[PDB]
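Reviewing the structure listed below.
Quick reminder, even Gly has a Cβ in these numbers, built from the backbone with ideal geometry, and neighbours come from all protein chains shown. None of the figures in this text is laboratory data; all of them are computed from the coordinates on show.
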Amino acid sequence: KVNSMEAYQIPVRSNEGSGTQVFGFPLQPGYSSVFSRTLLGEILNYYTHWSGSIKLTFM
Amino acid sequence: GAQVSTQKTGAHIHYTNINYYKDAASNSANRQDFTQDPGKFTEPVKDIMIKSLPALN
Amino acid sequence: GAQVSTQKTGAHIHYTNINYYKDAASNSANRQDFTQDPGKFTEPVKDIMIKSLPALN
Amino acid sequence: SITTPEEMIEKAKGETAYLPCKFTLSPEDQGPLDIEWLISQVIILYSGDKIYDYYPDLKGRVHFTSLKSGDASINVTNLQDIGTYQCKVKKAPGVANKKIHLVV
Amino acid sequence: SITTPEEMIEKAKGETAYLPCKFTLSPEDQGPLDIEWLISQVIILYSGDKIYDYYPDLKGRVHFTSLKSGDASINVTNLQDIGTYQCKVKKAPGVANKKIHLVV
Amino acid sequence: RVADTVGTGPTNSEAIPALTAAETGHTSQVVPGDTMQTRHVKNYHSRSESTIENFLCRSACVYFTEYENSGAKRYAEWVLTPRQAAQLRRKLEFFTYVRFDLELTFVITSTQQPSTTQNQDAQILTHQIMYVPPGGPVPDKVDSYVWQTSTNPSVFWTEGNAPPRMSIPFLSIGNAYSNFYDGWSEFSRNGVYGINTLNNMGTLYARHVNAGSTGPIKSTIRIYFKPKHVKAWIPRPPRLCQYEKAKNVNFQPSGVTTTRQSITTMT
Amino acid sequence: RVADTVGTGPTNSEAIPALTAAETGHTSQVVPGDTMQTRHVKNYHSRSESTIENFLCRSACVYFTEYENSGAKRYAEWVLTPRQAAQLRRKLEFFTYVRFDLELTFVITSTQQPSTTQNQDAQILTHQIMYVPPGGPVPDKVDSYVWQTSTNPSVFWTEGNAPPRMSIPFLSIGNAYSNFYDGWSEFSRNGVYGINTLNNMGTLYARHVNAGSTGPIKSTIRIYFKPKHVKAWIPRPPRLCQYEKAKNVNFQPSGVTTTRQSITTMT
Amino acid sequence: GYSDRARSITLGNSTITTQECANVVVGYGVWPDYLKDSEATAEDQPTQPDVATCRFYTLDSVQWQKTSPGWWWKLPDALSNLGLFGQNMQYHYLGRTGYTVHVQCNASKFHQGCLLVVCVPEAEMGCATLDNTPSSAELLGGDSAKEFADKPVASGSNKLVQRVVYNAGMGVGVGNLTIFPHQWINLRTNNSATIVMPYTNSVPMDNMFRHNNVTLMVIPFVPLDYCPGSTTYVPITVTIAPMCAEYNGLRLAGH
Amino acid sequence: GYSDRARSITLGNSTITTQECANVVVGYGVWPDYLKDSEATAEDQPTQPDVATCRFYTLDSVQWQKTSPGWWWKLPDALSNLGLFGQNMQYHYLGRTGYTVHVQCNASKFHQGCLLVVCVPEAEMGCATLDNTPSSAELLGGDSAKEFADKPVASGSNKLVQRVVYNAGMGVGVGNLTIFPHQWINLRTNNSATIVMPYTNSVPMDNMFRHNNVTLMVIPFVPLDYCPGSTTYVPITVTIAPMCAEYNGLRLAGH
Amino acid sequence: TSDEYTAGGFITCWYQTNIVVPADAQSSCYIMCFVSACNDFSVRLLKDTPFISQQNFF
Ligand SMILES: CCCCCCCCCCCCCCCC(=O)O
Ligand SMILES: CCCCCCCCCCCCCCCC(=O)O
């Protein structure tokens, strides 16, 4: 998926259940494979310490 | 003609500086310039969007 | 903007100092800071104990 | 830092010997990982993300239990094998090693 | 900077092969000009504002199309000549080179 | 200095700070106090080390070359360009246009090369570094009349002291250095495409003033750039693909990021 | 300045300064004038040299290592830690938490090693010292692209001048350095136990910029720490047992003190 | 009492009206204006048509299929052959101008898709070959779509441009392209996207024919989907309007 | 200018946000508060966590089929094993608290259904047998659905509870259950229902383990319907949030 | 850098209810996630990124 535009997409669908997990990942903004390549994550890779809050928007 | 400024200290001192050249590209760097304005990159819209109100009504 | 302070002399002189950096972790050490408060380690009790009176009466 | 660097394991013959070398990479340590098992002269070698199977008696007997995560243990079998095994894990900034004594 | 340094030219036999090496001199580059054509060992050489005609098979076949202006191309003939031609233009501050592959 | 967190309480109202539209660029300006109860926390953290000046103003090696005191290679040359290295180039390519003064530092070190001559008692070596502007005469050899440096700025250094440092003013015909150029130098649109068209920084020459011995010696010079008084405009995303050439942005397509095991995997 | 002794006389009263209870921590605040007759004596002695700043602020070697200019060992590395030595460590372990700026000094000396090469006429050696923060790239070899030091702080030194000295600000994510930690890094409580968990000071790399000759040469670097602007909290007793490792407080049980002959013996 | 979803834009003799829209993005907070007297360098007087150029020009539409990577356009090169804007830039040596990009894509409630509309200044693009550079008429397209391509372009001796959508032809992450003014078209809500861009350059005026100030990119992050029965042909249309355009250095025509 | 259909509720470290809703019902006009000093009887000081209990707990979902009678939950018994709310009530002898019930059921325009959400104080329920009384673990369910049943439960020697939907297990008309605070979920309009209930009892504090203050009931007056093709699995989810909770009489754990 | 003393947490997403879709519409949808910082973010200790790698002078 990393070699495709599919990596960005989170697939949701209709299932005969409830309470199933969609996704999950750890909170490591500079180190986690999920955030290492984002603008904020790339900026963090030039620094040793980080401290603040983090906004996550879902569309 | 010396300039006295403040040192970078922690929270919770002055230093002296004189310019010895006549070129203005010989001075030291400008490290204490703390000014931000993210209203250009973030919130770059025409009609102001209040936080509490809905985005598209 | 220079600071003039006192030298360490015997009992029974001033010196000059200027800060040349803008970092506050570049200055010299603080050797003349003579302040004590042993009431924490010694006498660490709640009810004050006078010297002349008995300890436990 | 490999936990319990000095350790002695007593295992009966005819039972696979389990040797554990769990380690915790330092934040300072950010280099290529190398895991080497010595028998006191090597039984197995992990280097450049590749596992190589060195010792004629223990050939086809020594295999890893898990490495990238932080576990570099081995499970030996067909004990006859009395000796001291030194697990040496290498990171470019820092290095650590654990020695296990196996009886019978 | 020679345009299209990596290029492949397919030309039929009995047709003169046209090889183009156009370049743009840098403002920084202000030195004596040298243009050398290599066949992979030289077919032609331009140096000190003089053209020298090196290769026995291509003798009397290789000639420049235009050099001072900025065009250093050659027009070969009587193809039989499969090989790689490297056009190397030299200025005292900076140098550039273009390789052309000719089939048949 | 950073903003301090305030204190909110339980709320039941029609206000919707969280719900918004990302179709508009409008990056939501919500704070934690809008989706939970928070306590008042004074924040003495200061946004000081993140400024562009503190980010860019550090020396960084951009090119190291060799020369000898005998034989064929007797002097060294290098057109001024910061794209030779990767670390300085990547940091500068966060922005489209930059405008900064430059501080130049050199590190020159010699090494006695293997030979078979005898009785080698060398003397102190002096090295001369000379700059040629776009259009100035360039030295054909090591004893050319160009080194007279009547107008070109030059510097002489005797091996053993503190390195030589000089400061250079913003040199450009434009109003800002351009890290990225989309276009051509020729109107016909058939020639050099890219930043190469805009660049014109001249050439730098370094050499031994004296031989100093009968045996061979090879000197090496390392150049260090420090941007001062920096201004920067229009930020752009960091380079993912590894660099290939110094003249262009030619790259090889690569993965957007590294891969894990599942979508619910925590490692 | 110390207190001056006063003068008392003969006394017959119900006051009991001497008699007290050591069950309570209350260290008796009695003075000689309470159990004898004293004369008035002004005391000009000053409690100045005993302050924590004068106690800790002195340079102290913490680690010395070697490298060569040929062969296999071509550069040196050392994770920053003050527990390598015993003298600096014992003094710092009088307190639980310390907070101080650090002044760093280096002493680099070379030595010509035994060999059989001929005609060795060496040049001046330049050495580069580079710091890698917890997470920075580390040099695989002596000619790695890491030494470009675009952002990492580095220092270059030419053999023969005054040693190189730099000043380092309090670097910590906490509010004080911790000399002793009782706990684990992992919640499951099964891993590294001790201060090792908290420590994260990065790595230091030193090397020869140039070879300088055809014969072998071995350089050695010694590192010197000086704590400045010191603050200290919660004092604790000095180390009796000799140190064994650098990561932990592992010790061998030893005698409380030395022995004499009798209980009434004066020697 | 009206709805913020409705907007109208009037320029020259042209108008556009939207029933559903998000908002208007105004570049870097700057509204495009003319060149001041303290920032100019050319001496001779500029021409300013003011109405014959600053209007809406509508480029050719492009079909959005279920497997389309994306499209890109050079704003100076696109309006080169359209109306009087093209004629003025042809005769003159120096041209300075600003633009707006209204992208329209309308679908029904059942259709689901996502499009990213971003303007990239100095969007220099790389060649498939590492040694040579992208040829013109391969990177540039006159009123043409110029689509991208999933998967790398083959490496050989050819001035072909690398069209990978995930690297976007610039070697940077496609996701991080939100640093420049961007607007999202969500079929379920947004129908069109409006972006206003002020003139951005390191010099006061530049030759329009040999240099491109900005590159418009339309990239479908989420594909187009529907059920058997619904309409398959779903087009995207682009209209550009030069704002506060001025020209200098009149001479013989050509380039 | 906003829409009254949008609401947000923030309690503790939790939030809920609705796009479509009716309103908020506030019990008997009373907002839940703490116990005054002139109404209290216990002498020892109360504990008030204030954040670790007063947040949103989300119970297990239930599938709404085309033939579901209805479901009921005991609010004190439901949060007995959830979070710190359960732990505090376990150790303490006396507990006083108020609640809110946000019920969420989302369906498409084509789906049609009606649900009644009502809170019943002292909802004593009857047994199938006329001589014996309903057994525990038959009336009560831990985080469990506890659905009703069309048609009477068989009469025999068994502590089974009468689950008739039309009598509702209390022997009263199902329609007249609108006397207590009630909210209606209409799939064609309302998506969720919010009800705020103040503490209601004949005494200041009561033992949570042996007594239930209120019973939440969800009853589909109009069945669920759709056409072949639309989604069949349609779940209902319930979140409860204790408000102004206080406890007294700390002792050994158990019940 | 990856550390165990200063651990972050976990971020997960579950189905509060179920996706409801009518007939003649697609039942397989996608979500997209954007990340940013609040107005209280800070960074320290300038270092070198581990991402770029130069084999030789280009
Ligand atoms: C002995 C005198 C030496 C003087 C040499 C001066 C050379 C100055 C070179 C400046 C190069 C600046 C390039 C910046 C390019 C960019 O930012 O994109
Ligand atoms: C060339 C630049 C070198 C810079 C190196 C900086 C290294 C700083 C190391 C600080 C270590 C302080 C450890 C204190 C531990 C304690 O007090 O318990």
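For H:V234, the amide hydrogen comes within under 5 Å of the amide hydrogens of H:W64, counting only partners 5 or more places away or on other chains and with H modelled in the peptide plane. Loop sites here are GluC sites (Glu not before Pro) outside DSSP states H, G, I, E and B with no more than 12 other Cβ atoms within 10 Å. The longest part of chain G free of them is G:50-243. Closest approach of any chain H Cβ to the axis that rotates H onto I belongs to H:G1, 5, distance given in whole Å. Ordering I:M205, I:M197 by the number of other Cβ atoms within 10 Å of each residue's own Cβ, fewest first, gives I:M205, I:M197. Taking only the Cα atoms of chain B, the ratio Rg/Rh comes out at 1.28, with Rh defined as the Kirkwood radius.
For J:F41, the residues whose amide H sits under 5 Å from its own are A:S53, ignoring neighbours fewer than 5 places away on the same chain, with H placed 1.01 Å from N. The Cα atoms of the range H:161-218 cover 42, 28, 19 Å along the three principal axes, with the biggest extent listed first.
One quarter of the convex hull surface, Cα atoms only: what value does that give for the range D:1-51 in nm²?
Working: hull surface 20.1 nm².
Quarter of the Cα hull surface area: 5.0 nm².
Dipole magnitude for the range I:103-216: about 360 debye, using +1 per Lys or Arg Cβ and -1 per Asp or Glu Cβ, origin at the Cα centre. Divide the volume of the convex hull around the Cα atoms of chain E by the residue count and you get 89 Å³ per residue. Inter-copy label distances at G:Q84, shortest first and taken from points set 7 Å along Cα to Cβ: 3.4 nm. Phi angles across the range J:23-30 convert, under the Karplus curve 6.51 cos²θ - 1.76 cosθ + 1.60 with θ = phi - 60°, into 3J(HN,Hα) values of 7, 6, 9, 6, 9, 10, 10, 9 Hz, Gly and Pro given as x.
With a 10 Å radius around each residue's Cβ, average the other Cβ atoms per peptide and rank H:94-105, I:183-194, I:223-234, highest first. Please list the in-between numbers first.
Details: H:94-105: 23.1, I:183-194: 19.0, I:223-234: 15.6.
The packing order, highest mean first, is H:94-105, I:183-194, I:223-234.
Remark: mean inter-chain Cβ contacts per residue of F:209-217 equal 1, using a 10 Å Cβ-Cβ cutoff to other protein chain atoms.
Counting, for every residue in F:156-166, the Cβ atoms of other protein chains within 10 Å of its Cβ and taking the mean gives 2. Taking every alpha-carbon pair in the range E:32-92 and binning the separations at 5 Å intervals from zero gives 4, 17, 33, 25, 14, 6, 1, 0 percent. On the basis of the beta-carbon distance and an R0 of 35 Å, G:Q120 and G:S172 show a calculated FRET efficiency of 0.15.
With label points set 7 Å from Cα along Cα→Cβ, the inter-copy distances at H:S61 are 4.0 nm, sorted shortest first. Position I:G1: other-copy label points at 0.9 nm, ordered by increasing distance, label point 7 Å along Cα→C-beta. Taking all Cα pairs closer than 8 Å and separated by 6 or more residues, the relative contact order of chain I comes to 40 percent.
Compute the whole-percent fraction of alpha carbon pairs in the protein assembly as shown spaced more than 69 Å apart.
Working: 257460 of 1098903 pairs.
In whole percent, the long-distance tail amounts to 23.
Rounded to a whole number of µm²/s, how large is the Stokes-Einstein D of chain J at 20 °C and 1.002 mPa s, given Rh as the Kirkwood radius over C-alpha pairs? Rounded, D is 118 µm²/s. Using the Cβ-Cβ distance between F:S262 and G:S254 with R0 set to 60 Å, the FRET efficiency from 1/(1 + (r/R0)^6) comes to roughly 0.65. Distance between the C-alpha centres of the range I:171-201 and the range G:76-150: 75 Å, rounded to the whole angstrom. A cut-off of 5 Å between modelled amide H atoms, ignoring neighbours fewer than 5 places along the same chain, links H:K146 with no other residue. Of all DSSP bridge pairs formed entirely within chain E, close to 85 percent run antiparallel. Legend: P(r) of chain A from all alpha carbon pair distances, 10 Å bins from 0, whole percents, reading 16, 42, 29, 11, 2.
Take the Cα atoms of the range I:94-232, build their convex hull, and give its volume per residue in Å³. Please report the intermediate quantities before stating the final value.
Details: hull volume 19.2 nm³, N = 139.
Enclosed volume per residue, from the Cα hull, is 138 Å³.
Across the range F:32-37, computed HN-Hα scalar couplings (Karplus, 6.51 cos²θ - 1.76 cosθ + 1.60, θ = phi - 60°) run x, x, 8, 10, 5, 8 Hz from first to last residue, x flagging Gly and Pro. According to the calculation over all Cα-Cα pairs in chain H, the P(r) per 10 Å bin from zero is 7, 28, 34, 22, 7, 1, 0 %.
If I take every Cα pair under 8 Å that is 6 or more residues apart in chain G, average their sequence separation and divide by the length, what percent do I get for the relative contact order?
Values: 439 pairs, mean separation 81.0, N = 267.
Reported relative contact order: 30 percent.
For chain F, the fraction of alpha-carbon pairs lying more than 27 Å apart is 60 percent, rounded to a whole number. For peptide I:102-109, the mean count of partner chain Cβ atoms within 10 Å of a residue's Cβ comes to 3.
Residue order for D:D57, H:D131, fewest other beta carbons within 10 angstrom first, comes to D:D57, H:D131. In sequence order, the range I:41-50 has phi-based couplings of 10, 6, 8, 5, 6, x, 9, 9, x, 6 Hz under the Karplus curve 6.51 cos²θ - 1.76 cosθ + 1.60, θ = phi - 60°, and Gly or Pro positions carry x.
Quick one: F:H40, F:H208, fewest Cβ neighbours within 10 Å first, how do they rank?
Numbers: F:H40 10, F:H208 21.
Fewest-to-most ranking of F:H40, F:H208: F:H40, F:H208.
The peptide list H:153-164, H:43-54, put in order of mean Cβ contacts within 10 Å with the highest first, becomes H:153-164, H:43-54. The rotation axis taking chain D to chain E passes closest to this chain D residue's Cβ, listed with the gap in Å: D:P93, 36. The value obtained for the range G:119-218, namely the Cα convex hull volume divided by the number of residues, is 169 Å³ per residue.
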